[PDB]
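Comments concern the structure below.
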Amino acid sequence: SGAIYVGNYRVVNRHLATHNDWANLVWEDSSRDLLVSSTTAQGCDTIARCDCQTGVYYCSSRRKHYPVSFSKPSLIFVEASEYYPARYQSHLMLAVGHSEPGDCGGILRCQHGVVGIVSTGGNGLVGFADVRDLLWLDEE
Ligand SMILES: NC(=O)[C@H]1CCCN(C(=O)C2(c3ccoc3)CCC2)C1
Ligand SMILES: [Zn+2]
């Protein structure tokens with residue numbers, strides 16, 4: 001579980017979005033596993049605007065933050081799960097690390113701010129849904 005809180009926006013994994021999120025929808029993309037809903041109160045997360053490939057992510061299944069090197073956002077095959085059929089997920093970055101069901105929503109951060117959130121796992125890899133291209137998160 002986990003979310004990003006920036007301005008009047010809440011960014012969560014689309015597959016974990018609640019009834020309150022769909023009832024206050026701003027934007028969603030199934031191919032990216034992202035959903036953004038509106039909030040009443042202003043958030044304090046800063047979204048990174050950079051091309052960093054090293055950062056630190058939170059792993060809830062270990063109660064630990066791990067420093068990782070991660071790949072550039074790309075179209076990557078993700079196996080079928082209870083949430084999506086087998087498909088290419090876009091804007092996804094991989095790192096070598098631990099990610100289990102329950103870890104989605106953990107933040108990945110670099111020196112510039114929030115880079116993305118955990119979206120995939122297994123086989124000793126962790127995948128993060130990038131949010132650095134969503135420039136509109138910083139305005140209105
Ligand atoms: N974005 C997606 O399509 C993911 C939806 C949730 C399940 N996905 C995973 O990668 C798995 C996982 C392991 C750790 O966290 C998640 C489930 C076993 C691997 C795929
Ligand atoms: Zn950065």
Side-chain angles (χ1 to χ4, degrees):
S1 52
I4 308 169
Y5 294 98
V6 54
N8 291 272
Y9 298 124
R10 165 179 144 95
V11 184
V12 295
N13 295 93
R14 188 190 183 272
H15 76 271
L16 300 178
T18 75
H19 154 95
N20 193 65
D21 288 326
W22 283 104
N24 293 289
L25 187 65
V26 174
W27 167 91
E28 57 79 29
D29 185 338
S30 180
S31 76
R32 291 178 70 147
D33 184 40
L34 287 179
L35 187 139
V36 170
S37 62
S38 52
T39 77
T40 74
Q42 170 114 167
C44 309
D45 288 332
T46 286
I47 309 304
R49 304 299 182 195
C50 68
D51 68 345
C52 285
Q53 277 188 252
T54 64
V56 175
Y57 84 101
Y58 183 62
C59 173
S60 68
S61 64
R62 294 287 180 269
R63 289 182 188 130
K64 281 198 189 51
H65 297 259
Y66 291 104
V68 291
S69 294
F70 54 95
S71 62
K72 277 184 185 203
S74 302
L75 200 58
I76 293 173
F77 172 92
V78 176
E79 231 273 87
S81 73
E82 325 101 280
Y83 302 101
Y84 300 102
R87 79 211 214 280
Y88 292 104
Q89 179 159 318
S90 63
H91 302 264
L92 183 69
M93 297 174 297
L94 300 186
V96 170
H98 186 70
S99 177
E100 256 177 75
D103 290 324
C104 296
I107 277 166
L108 167 65
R109 67 173 99 263
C110 63
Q111 69 185 95
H112 303 102
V114 174
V115 174
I117 50 179
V118 175
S119 177
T120 80
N123 300 312
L125 297 161
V126 49
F128 305 99
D130 188 52
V131 302
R132 297 176 290 183
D133 64 314
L134 303 176
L135 309 195
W136 55 263
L137 287 173
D138 301 335
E139 62 208 53
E140 88 129 16

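What you see below is based on every heavy atom in this structure, not just the backbone, and it leaves out hydrogens, waters and symmetry mates. Along the sequence shown, residues carry numbers from 1.
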Problem - Cluster link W136 to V6, ILVMFWY, side chain under 4.5 Å - result: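 Yes, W136 connects to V6 through the hydrophobic network.
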Problem - same_hphob_cluster(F128, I117) at 4.5 Å side-chain heavy-atom cutoff - result: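 No; tracing contacts between hydrophobic side chains, which count when under 4.5 Å, never links both residues.
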Exercise for the section: For a side-chain contact (heavy atoms from CB on, under 4.5 Å) with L92, tell me which candidate from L75, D130, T120 qualifies. Expected result: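 Going through the options one by one, the only one that passes is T120.
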Handout entry: Of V36, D21, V26, the residue whose pairing with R10 passes side-chain contact (heavy atoms from CB on, under 4.5 Å)
Key =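 The residue from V36, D21, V26 that satisfies side-chain contact (heavy atoms from CB on, under 4.5 Å) with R10 turns out to be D21.
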Exercise for the section: For atom CZ of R109, decide whether the heavy atoms of other residues, nucleotides or ligands shown that lie under 6.0 angstrom number more than 12. Expected result: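 12 or below, so no.
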Please report the shortest heavy-atom distance between [X] and [Y], naming the atom on each side.
X: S119; Y: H15; result: O-CE1, 4.4 Å
X: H112; Y: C50; result: ND1-CB, 3.5 Å
X: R14; Y: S30; result: CD-CA, 3.7 Å
X: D103; Y: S60; result: OD1-OG, 2.6 Å

Exercise for the section: Report yes or no: do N13 and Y83 form a side-chain donor-acceptor pair below 3.5 Å? Expected result: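 Short answer, no.
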Problem - Pair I76-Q89, side-chain contact (heavy atoms from CB on, under 4.5 Å): steps then yes or no - result: CA-CA 5 Å; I76 293 173; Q89 179 159 318; 5.8 Å; no
Does any part of the side chain of [Y], heavy atoms only, come nearer than 4.5 Å to the side chain of [X], both counted from C-beta?
X: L34; Y: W27; result: yes
X: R87; Y: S31; result: no
X: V115; Y: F70; result: yes

Exercise for the section: Drop me the distance from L137's CG to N8's CG, to the nearest 0.5 angstrom. Expected result: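 Here the rounded value is 11.5 Å.
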